[PDB]
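For reference, the chains in residue letters:
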Amino acid sequence: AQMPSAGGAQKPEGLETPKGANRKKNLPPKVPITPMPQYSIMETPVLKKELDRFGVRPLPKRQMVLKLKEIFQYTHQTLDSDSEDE
C-alpha cells in the first residue's frame, strides 16, 4: 500500500530493464516502482512455451506484449521465486 521512506528515498529514473544485461533478477520489497521482472520480457523460447501454456491466442507482439504486461501488472504481488509456487 505505502513505502518505508526510511529505506526508499533514492529518486528512480530507470528500473524496468530487460533482465539479462545486469545481474539483477530480484525486486526489493520497499517502494512500488514499475517492475523490472515483467513476464512479457522473459527469454523468447521458454516465454513462447509459457504463452502457449497460459492459453494466449496469436496476437502481434505489440498487442501481445500489452496483454501479458497488463495481466502481469494485476498478478505482480511479490516477485518471481525461481522455483514453482508450492
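Presented here is a report on the structure given in the accompanying data block. (Residues numbered from 1 in each chain as written, not as in the entry; some residues may be left out. Heavy atoms only, no water.)

### A few points about the overall build of the chain
Secondary structure summary: the chain contains two helices and zero strands in total. The dimensions of the chain, computed from C-alpha atoms along their principal axes, are 45 × 30 × 30 Å. Here the chain holds 86 residues, and the buried ones make up 14% of them. Sequence separation of at least 24 residues holds for 41% of the intrachain contacts in the chain that already meet a minimum separation of 6. For the chain, the computed accessible surface area is about 7,500 Å², with 54% contributed by carbon and sulfur atoms. (Helix = DSSP H or I, 4+ residues; strand = E, 2+ residues; numbered from the N terminus. Buried < 20%, exposed > 50% of the residue type's maximum accessible area, 1.4 Å probe, protein only. Contact = heavy atoms within 4.5 Å. Areas by Shrake-Rupley, 256 points an atom, 1.4 Å probe, with all protein chains shown as cover.)

### Describing the layout of surface pockets
There is about 970 Å³ of room inside the largest pocket. If you go around the largest pocket, you meet 27 residues; those closest to its centre are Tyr39, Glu50, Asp80, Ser81 and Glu84. Contributing elements (two or more residues each) for the lining of the largest pocket: helix 1 (44-53) and helix 2 (61-75). Its residues placed into classes, the lining of the largest pocket shows 11 nonpolar, seven polar and nine charged. Reported here for the second largest pocket is a volume of approximately 410 Å³. Along its surface, the second largest pocket is lined by 17 residues, and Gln10, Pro12, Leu15, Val31 and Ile33 are the ones closest to its centre. Taken together, the residues that form the lining of the second largest pocket break down as eight nonpolar, six polar and three charged. (1 Å grid on protein atoms, 1.4 Å probe; cavity = no way out; pocket = protein on both sides within 12 Å on 5 of 7 lines; lining within 4 Å. Points joined across faces, edges and corners; volume = space filled by probe spheres on them. Nonpolar A, V, L, I, M, F, W, Y, C, P; charged D, E, K, R; others polar.)

### With respect to unusual backbone geometry
One non-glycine residue, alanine 9, lies in the positive phi region at around 75 degrees. With respect to the element layout, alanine 9 can be found in the segment before helix 1. Assessed through its relative accessible area of 70%, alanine 9 is described here as exposed.

### Comments concerning the side chain of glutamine 38
Within the secondary structure layout, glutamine 38 lies in the segment before helix 1. Here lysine 69 takes part through its side chain, which lies 2.7 Å from a polar atom of the side chain of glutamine 38. Sequence-distant contacts of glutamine 38, that is, excluding residues within four places in its chain, are made with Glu16, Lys69 and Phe72. (Polar contact = N/O pair within 3.5 Å; in protein donor to acceptor, adjacent residues only side chain to side chain.)

Geometric descriptors of this kind do not, in isolation, establish any biological role.
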